[PDB]
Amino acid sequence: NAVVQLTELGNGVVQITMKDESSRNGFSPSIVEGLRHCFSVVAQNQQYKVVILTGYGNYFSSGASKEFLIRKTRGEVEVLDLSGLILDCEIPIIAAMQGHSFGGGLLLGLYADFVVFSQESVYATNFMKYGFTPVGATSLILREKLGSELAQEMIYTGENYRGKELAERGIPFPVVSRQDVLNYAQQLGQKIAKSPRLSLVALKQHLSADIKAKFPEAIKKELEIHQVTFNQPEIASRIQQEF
């Protein structure tokens, strides 16, 4: 079976579930392709009104793998960018992050319209842990959605934060026990789906406008700085020591 699966929850709410156990929901070729496919299916079914994006087990999304980053130090690969995949979806998305989210994997959820975190799981913008600056419009999205201060500390330190620690810190998203994350998202999705699809699409376009206007330049600027800071002598060794 494909590693990304779409299921119907009723009343126009659907769930896209990532389950690439081999990569722990990393940005593997099969995850990228399965996300593209499932979002294509969503775009084609006019009856769908809300997407719930979620992981499996202990993982929401692990982002780019350390093996991938090592390949990148040799100039073997370029930067993965799944933002267009998520941002192109015209109906509201709730990211039910029932498991850990690291780097690009945290951004993947934060690109969504609503986000739910697990109390027990760990979340990180870990770029600076490896010693280099973010990609993916990290600063734009984190400042908008987590607030400038959490965004600042998470980006500078690159550390792992449990959901509970983020809640205690006043993160402006719900943080609930792992076994309740998906249920919470589903309940919110059903409330949202009470509205006509036309109104949901129109509202989302309106609400998303300001960030969408700023997104391309944000991606470009982060990419440019990333290319300088990633390609420094000591980075390969720093990545090696995180395995």
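We number the residues from 1 along the sequence you see.
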I need to verify one thing: averaged over C-alpha atoms only, is the B-factor higher for 73 to 81 or for 130 to 138? 73 to 81
Could you check which stretch, 165 to 173 or 99 to 107, carries the larger mean CA temperature factor in the entry? 165 to 173
Per the PDB entry, maximal CA B factor within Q44, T54, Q190, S195: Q44
Looking at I91, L150, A124, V115, which has the highest Cα B-factor in the entry? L150
Chain thirds by Cα B factor, record data; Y48 belongs to the middle
Quick one: classify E33 as lowest, middle or highest third of the chain based on its Cα B-factor. middle
Thinking about Cα B factors across the chain, which third does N231 belong to? highest
Chain thirds by Cα B factor, record data; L203 belongs to the lowest
State the tercile, meaning the lowest, middle or highest third, of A218 with respect to the CA B-factors recorded for its chain. middle
